[PDB]
Amino acid sequence: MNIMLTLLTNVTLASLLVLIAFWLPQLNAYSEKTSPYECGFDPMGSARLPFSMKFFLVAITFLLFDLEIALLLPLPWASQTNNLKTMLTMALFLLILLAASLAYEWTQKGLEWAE
Amino acid sequence: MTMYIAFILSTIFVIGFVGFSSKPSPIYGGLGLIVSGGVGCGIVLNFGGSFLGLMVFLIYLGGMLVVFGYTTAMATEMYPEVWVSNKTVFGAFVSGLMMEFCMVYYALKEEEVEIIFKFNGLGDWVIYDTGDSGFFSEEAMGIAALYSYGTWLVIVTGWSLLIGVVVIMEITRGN
Amino acid sequence: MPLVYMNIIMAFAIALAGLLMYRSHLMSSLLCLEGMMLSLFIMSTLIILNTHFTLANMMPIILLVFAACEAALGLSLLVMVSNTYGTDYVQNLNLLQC
Amino acid sequence: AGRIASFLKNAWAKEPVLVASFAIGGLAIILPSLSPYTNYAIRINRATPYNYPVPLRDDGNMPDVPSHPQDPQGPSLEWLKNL
Amino acid sequence: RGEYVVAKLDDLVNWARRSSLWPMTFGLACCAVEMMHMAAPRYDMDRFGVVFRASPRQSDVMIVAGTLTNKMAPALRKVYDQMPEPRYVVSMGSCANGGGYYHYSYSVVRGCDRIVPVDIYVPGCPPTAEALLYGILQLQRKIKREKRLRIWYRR
Amino acid sequence: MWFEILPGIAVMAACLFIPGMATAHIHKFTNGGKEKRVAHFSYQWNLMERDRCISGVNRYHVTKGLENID
Amino acid sequence: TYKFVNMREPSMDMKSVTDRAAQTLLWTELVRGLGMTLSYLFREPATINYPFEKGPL
Amino acid sequence: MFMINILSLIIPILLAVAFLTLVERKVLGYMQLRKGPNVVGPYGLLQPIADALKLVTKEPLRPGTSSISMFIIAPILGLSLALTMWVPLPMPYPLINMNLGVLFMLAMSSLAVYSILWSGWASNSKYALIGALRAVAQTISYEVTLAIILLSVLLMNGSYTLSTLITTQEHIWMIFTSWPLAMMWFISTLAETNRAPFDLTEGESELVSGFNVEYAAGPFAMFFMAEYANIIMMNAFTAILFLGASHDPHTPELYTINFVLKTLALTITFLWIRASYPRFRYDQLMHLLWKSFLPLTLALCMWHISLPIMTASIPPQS
Ligand code: SF4
């Protein structure tokens, strides 16, 4: 209800903006406008070719770190436990493993944006 | 009537999945998964799983982000596919729509659908449980018990994530 | 077993079909594979929230953490076939024949 | 001796962020064991009654358990008030 | 009758266009440096709602600043042809207006008009920054005298 | 002459001003002058439900003291 | 005659290394520029009101 | 009157974003010896109206080499998420008391990638396809640091209830306890909103715009609205998170005034930074967080999780 009502209000409002944006103005609709653009020229025969890249490794280590961030998210609730000593050691283990993964990423090129 | 929302949240989950699995252009399968996850977050949320719902929201809308990250890198081509390119995808899609529609029609008429297991068409609001929670959310407290009772779980996971970054290093190393 | 269970089980069945019945794409197939675990994640959270299985509340994220790892390598494998072969289209994926 | 101090100085100059992070981290593990108040934190956490203290069936010969919620004997947390 | 409402509405629209024209820089020679001086603190183009910086996709006016050579001409043509309507092009400098010092060259077109329509001819070699700014103000008054919806209603 | 910026953010301030009291006042408007009773835990929800039932008007923020009972 | 522009190599005492580490960590030259631009914000804006006022000739 | 409260949330945020496009052009100019816009109405107060009308009545060009579905959906996502991400903010009485408001809003903060990617690829241009991946990498690689910073800061608050955050600060500004952390957090915020020091996506030499290249008129303006709404939203987030304020329940207006003043000050700091600093390079941009920011953030999180235990000062859960 309430929350869902706010989400509905926002999405419909956004859609009205885009509808007025895309419908209200008038265009002559001539062909040569469709020619694509690159700083004065057009993007020749590209802008969809497979992208020979290197920071793929950074992109994937993002996800691998995101899993561990999800793992350590429950911490504020976890600090409210009786056996605080075990929670302390084991959370510290989790952050140490974060740091160790980052360090192995570091020395073995890895997070070093590939060339 | 917004009574049936807890039903329809799953229903839009199903047909957003079919188009996601209808083998369309990879980004359109991604869009199907995205709407499926967005509507399934509501399914977990209205059952009380606030933290787990927002958790899957976060991690999964990062996870499909990264699978995009190579879709424009290691999966695009001169002519990317379109959700209307292949003729068979429409047939897959419509076969997605009519099966659960027929089954829910039966579950609305007989309430004893015989497909695979035993199921009743009498909504979902029944299966909830009366009770209370005091001043603590059960879901949050349960996921917090990971650092007190999850002795083995966090250890084996963290070890696996370390091994995962190692293998990700090694396979993509390129000699 | 109410309709929500039917819907997520049925979603898993079509994810099984979509990933396993390959059409032509490896990336879209592993995409269907990771949607598979989403269906299983929701399904698992359902009983666990339903039955007040307080400990098992941590099983989904645990179940989550490994599953993305699979995709973490899957797409990682995808680039390794891609740079040499050119695409993820699995019909040229034939060199290993005999 | 000299090598260790020189290496620390160079790290504090070459990668200062690394030494700051390593330091504050190394504290983060070794203080909680050394600190004399973590047991008090355990007392904090055990003090909070998230659930009801369901009473025991009285049958005689439990002087430790108070008969009344206003009784003097029983667990007390005046340390909590002073803290 | 309808002229009242349509005139007020189109007056609103042409005022909005007039006070928010976005130049597409396009400096080819010393006229570019003089335009840059015109955006300097002293004259402060940015005060009038003009924004100087604009990608050719999001822009209203092109200033052809400098000599336009034969090798340039296809690029300028593709730039203007992609420019969304409305698109008023101002030519600054004797070189861009027509010919220039290098009028009788072999690889310099004898005027931006032979390449692209020119809405305001700004003279000067270079046109001193405030003369450029005055040309911009003249284009603003031109946008003020705009009767699009009037002509639509009275077609 | 920095004060020329002062009108510019002033309306901006007013722009961010309105969501402040509007949510604050309407709550106070809706809940009988009281601010909204946040239910962050099921015990709060049970208290609100019992207050709604006791009110007899299906309005939780309506509250009756000892004068309501014998 | 000529002057070498950048040969001022730094020292390596504890004070100098502490100062450099503070400047790198506790961003200082960043704050220096961030405060200079502030000084220019409060200054008198150089702007001639065209066409009411024209440039000197 | 719930929907009235909603509208009283959206619409004023829209005017705030609108006049931010004036206050930036005035603040920047005054920072670089320019009078700024003061011709459209008094002191340029009417200038945002004119440009908005122009962009509404500017021709929206359809990218010929594009699938219109994403060319329209991406502005929808970028704009709607930006506004609905204002929903759970602790105004003296927050609109929606979501028990996990901070996590709610952090999760929605990651969704801007889901407008960036479709804008960059669907428009189908070299600048667009480059900038899409570059900006995506930027925002995703800074989202992690945002996450650990949020967790470490919250470990002293007590929960993910973002209304109790005020109750956390009350006495002292929270920055006084986590100034090393906030200094990172703020900067990472600067990175996530793609601002001049960390923008890297515009790059008007080799990326020109990066994502909003082929977007024109309305859908183009929608991404600006998202961008300059995230400015205000994240500056407000930082304002409450670290720059606490007083709130007497009998006088809700006091905290409202203090909070809006804090938000304006932080946005002015945004404009202040962008008006001075050069622009990062992608190499250095990711070097800044992978090599430098992330280890410090990890160590600070370890410090801020160990600290409540040793001080016997764990924050109240409820
Ligand atoms: S008109 Fe004069 S100033 Fe302008 S480009 Fe030609 S020579 Fe240079």
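Identification of chain H as NADH-ubiquinone oxidoreductase chain 1 from Sus scrofa is taken from the PDB entry. Here chain H is described in UniProt, under the heading Catalytic activity (unreviewed entry), as follows: "a ubiquinone + NADH + 5 H(+)(in) = a ubiquinol + NAD(+) + 4 H(+)(out)". Taken verbatim from the UniProt record of chain H, the Sequence similarities (unreviewed entry) comment is "Belongs to the complex I subunit 1 family."

Taking the PDB entry as the reference, chain B is identified by name as NADH-ubiquinone oxidoreductase chain 6 belonging to Sus scrofa. On record in UniProt, under Catalytic activity, the comment for chain B is "a ubiquinone + NADH + 5 H(+)(in) = a ubiquinol + NAD(+) + 4 H(+)(out)". You can read under Subunit in the UniProt record for chain B the words "Core subunit of respiratory chain NADH dehydrogenase (Complex I) which is composed of 45 different subunits."

Chemist: Describe the overall build of chain B, with residues and values.
Modeler: Secondary structure assignment for chain B yields 6 helices and 0 strands. Relative to a compact globule of 175 residues, whose C-alpha radius of gyration would be 16 Å, chain B shows 21 Å and is clearly more extended. Overall, chain B is about 60 × 55 × 30 Å in size when its C-alpha atoms are taken along their principal axes. Considering chain B as a whole, with its 175 residues, one finds that 53% of them fall into the buried category.

Chemist: Now, about the sheet that holds strand β3 (residues 120-122) of chain E: what can you tell me, with residues and values included?
Modeler: Adjacent strands of a sheet form backbone hydrogen bonds with each other and so pair up, either parallel or antiparallel. Residue and element names in this part refer to chain E. Judged by pairing direction, the sheet is parallel, and its 3 strands sit side by side in the order β1-β2-β3 without closing on themselves. Where the open sheet ends on each side, the last strands, each with one partner, are β1 (61-65) and β3. Across this sheet, the average inter-strand angle for adjacent strands is 20°, counted without regard to direction. In the sheet, β1 pairs with strand β2 (residues 88-92) via 5 bridges, with the strands oriented parallel. Bridged to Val61 within β2 is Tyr88.

Chemist: So what's going on with the environment of E:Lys144? Residues and values would help.
Modeler: All names here are of chain E. Position of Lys144 among the secondary structure elements: in helix α5 (residues 129-144). Between the C-alpha atom of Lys144 and that of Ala16, which follows or precedes it by 128 residues, the distance is 9.3 Å. Excluding anything up to four places from it in sequence, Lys144 contacts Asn14 and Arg18.

Chemist: Give me the UniProt feature "transmembrane region" (unreviewed entry) in chain H: which residues, what numbers.
Modeler: All names here are of chain H. When the UniProt feature table is mapped onto this chain numbering, "transmembrane region" (unreviewed entry) sits at residues 68-88, 100-120, 140-160, 172-191, 220-243, 255-273 and 293-314. Between the end C-alpha atoms of residues 172-191 the distance is 28 Å, and the span holds 85% helix and 0% strand. Counting secondary structure, residues 220-243 comes out at 96% helix and 0% strand; the distance between its end C-alpha atoms is 34 Å.

Chemist: Describe the site of the ligand, listing the residues and the values that go with them.
Modeler: Residues and elements named next belong to chain E. Around the ligand, the neighbouring residues are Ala29, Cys30, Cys31, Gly66, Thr67, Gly93, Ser94, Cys95, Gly124, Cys125 and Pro126. When residues of the shell around the ligand are traced back to their parent elements, those giving at least two are α2 (30-38) and α4 (93-97). In terms of residues, the shell around the ligand owes the most to one element, α4, which gives 3 residues. Grouping the constituent residues of the shell around the ligand by class yields 6 nonpolar, 5 polar and no charged.

Chemist: Provide a residue-level description of the pattern of salt bridges, including the pertinent values.
Modeler: Tallied over the entire structure, the rule returns 19 salt bridges over all chains. As a salt-bridge pair, H:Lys54 and E:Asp60 come within 2.6 Å of each other at their nearest N and O atoms. With H:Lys54 in helix α2 (residues 47-56) and E:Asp60 in the loop between α2 and β1, this residue pair bridges two chains. Just as H:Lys54 is buried, E:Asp60 falls in that class too. Note that E:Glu85 and E:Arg148 form a salt bridge whose closest N and O atoms lie 2.6 Å from each other. Of this pair, E:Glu85 sits in the loop between α3 (73-81) and β2 while E:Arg148 sits in helix α6 (residues 148-153); the two residues are 63 residues apart in sequence, bridging distant segments of the chain. Salt bridges here are not isolated pairs; linked through shared partners, they connect E:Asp44, E:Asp46, H:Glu24, H:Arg25 and H:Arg34.

Chemist: Can you explain the arrangement of the chains? Please cite residues and give values.
Modeler: The interface with the highest contact count, out of 16 pairs of chains in contact, is the one between chains B and C. Between chain C and chain G there is no contact, and the shortest C-alpha to C-alpha distance separating them is 34 Å. Nothing in chain C touches chain H, and the closest approach of their C-alpha atoms is 15 Å.

Chemist: Report on the nonpolar core, specifying residues and quantitative values.
Modeler: In this structure, B:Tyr70 and H:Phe237 are the most contacted members of the largest nonpolar core, which totals 245 residues. With 17 residues, helix α6 (residues 126-154) of chain H is the single largest residue contributor to this core. Beyond its immediate sequence surroundings of up to four residues, B:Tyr70 is in contact with A:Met53, A:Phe56, A:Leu57, A:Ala59, A:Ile60, B:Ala75, C:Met27, C:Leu75 and C:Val79.

Chemist: Pulling in residues and values, what's your account of the UniProt feature "transmembrane region" in chain B?
Modeler: Residues and elements named next belong to chain B. UniProt marks residues 1-21, 25-45, 47-67, 88-108 and 149-169 with the feature "transmembrane region", using the numbering shown here. For residues 25-45, the helix share is 95%, the strand share is 0%, and the end-to-end C-alpha distance is 30 Å. In residues 47-67, the share of helix is 86% and the share of strand is 0%. The end C-alpha atoms are 29 Å apart.

Parameters at a glance
- Residues numbered from 1 in each chain as written, not as in the entry; some residues may be left out.
- Chains lettered and ligands numbered in written order.
- Part of a larger assembly, values for the part shown.
- Heavy atoms only, no water.
- UniProt positions renumbered as here; feature names shortened; annotations may be inferred.
- Helix = DSSP H or I, 4+ residues; strand = E, 2+ residues; numbered from the N terminus.
- Rg over C-alpha atoms; globule rule 2.2 N^0.38 Å.
- Buried < 20%, exposed > 50% of the residue type's maximum accessible area, 1.4 Å probe, protein only.
- Pairing = 2+ DSSP bridges.
- Axes fitted to C-alpha atoms, helices over the stretch in contact; angles between N-to-C directions.
- Contact = heavy atoms within 4.5 Å.
- Near = heavy atom within 4 Å.
- Nonpolar A, V, L, I, M, F, W, Y, C, P; charged D, E, K, R; others polar.
- Salt bridge = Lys/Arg side-chain N within 4 Å of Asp/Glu carboxyl O.
- Core = buried A, V, L, I, M, F, W, Y, C linked by side-chain atoms within 4.5 Å.

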